[PDB]
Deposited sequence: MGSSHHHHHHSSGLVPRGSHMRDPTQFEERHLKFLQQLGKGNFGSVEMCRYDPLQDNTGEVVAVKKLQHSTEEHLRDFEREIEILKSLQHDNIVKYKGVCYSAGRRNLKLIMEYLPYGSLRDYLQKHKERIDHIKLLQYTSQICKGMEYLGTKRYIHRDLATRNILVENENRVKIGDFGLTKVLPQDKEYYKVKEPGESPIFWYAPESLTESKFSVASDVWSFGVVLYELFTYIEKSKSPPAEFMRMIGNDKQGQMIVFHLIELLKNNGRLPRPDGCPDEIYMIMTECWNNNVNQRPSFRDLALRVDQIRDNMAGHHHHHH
């Protein structure tokens, strides 16, 4: 549906970036402070290219109905289009994990992993490529439910191809990128699987700053390397089977899933359905 901007009461900025921002608002049409708290995404600097990219993003989210995908609530028109989503009270999985390290066990991490795989399998069914799987893009509804919380880089596959070539201006999250995304700008369900492997790594490191993917790769590449060279050196490291280490305390069977996601050969990477089965099997064994 449509939301009138005049009844959208700003409460707090939730997160930013060069694209725009996400705000916590209260949609109070009766002006009696009984309206619901919603999350509002807006474009900070909007070209006609950015406006059209954001229109596709809204259509993509509107088309998704799944327990592990943040709910689309509507749009807001002024010139300045806004995407209205449900408010998830625990924020990103990155921040929630980091704050409750001592209360979240491996069985709990695997419950979240399984939800991410299920939400991602639903995406693939619509031929959508997320392109930005990271714990900062996963939101926490409650202690038992996580949801893919942003679709800013999501692309629809062409009808004739299993990949999508795209080189966006700006800073790309290169330490989550599959080798073929770095070398050829090719994005597919298989590069989403590679990035999912990195999400799995992030979870089992409990978001330790020293143990983060930029920190680990930047150490393996050498902090003396800078600029466009980092990309070149990362490509070479990946090409020579250089990988993120097994996180402290991580079981071998969980690191095995990560390394299987990090296959150089695109076609050898597991599917999200197989990842979900495997994760479920492991958490049943643990329980």
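Stretches of the deposited sequence lacking C-alpha coordinates, numbered from 1: 1-24, 103-105, 315-321.
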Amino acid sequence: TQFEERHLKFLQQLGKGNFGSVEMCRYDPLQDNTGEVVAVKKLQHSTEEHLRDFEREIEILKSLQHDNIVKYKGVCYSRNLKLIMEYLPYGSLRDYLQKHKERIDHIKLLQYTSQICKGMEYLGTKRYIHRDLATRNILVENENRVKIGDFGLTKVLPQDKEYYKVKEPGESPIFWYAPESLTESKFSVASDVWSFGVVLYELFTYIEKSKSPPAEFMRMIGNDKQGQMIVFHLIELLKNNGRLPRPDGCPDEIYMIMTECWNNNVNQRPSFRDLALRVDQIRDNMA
From here on, numbers count along this sequence of modelled residues.
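Definition used throughout: the rigid core is the maximal C-alpha set that superposes within 1.5 Å between two forms.
Across the superposed structures in 7 other deposited structures of this protein, aligned by the core, the stretch whose Cα atoms lie more distant on average is 94-102, chosen from 115-123 and 94-102. Remark: when the other structures in 7 other deposited structures of this protein are fitted onto this one via the rigid core, 40-48 deviates more than the alternative among 40-48 and 252-260, judged by RMS CA distance. Compared with other entries of the same protein, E208 falls outside the group left without coordinates by a third of them; all model it where both flanks are modelled. Per the records, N18 is among the residues left out by at least a third of the other compared entries, whereas the shown structure includes it. Between 216-224 and 50-58, the higher mean Cα B-factor belongs to 216-224. According to the PDB record, 162-170 carries the higher mean C-alpha B-factor of the two stretches 162-170 and 133-141. In the deposited coordinates, the residue among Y77, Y201, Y128, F151 with the greatest CA B-factor is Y77. Based on the entry's C-alpha B-factors, the most elevated value among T259, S63, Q44, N68 belongs to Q44. When the CA B factors of the chain's modelled residues are split into thirds, the value for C250 lands in the middle one. Placement of the Cα temperature factor of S188 within the chain: lowest third of the modelled residues, per the deposited record.
Sort the modelled residues of the chain by CA B factor and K16 lands in the highest third. Among all modelled residues in its chain, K82 ranks in the highest third by Cα B-factor. Sort the chain's modelled residues by C-alpha temperature factor and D105 lands in the middle third, per the entry.
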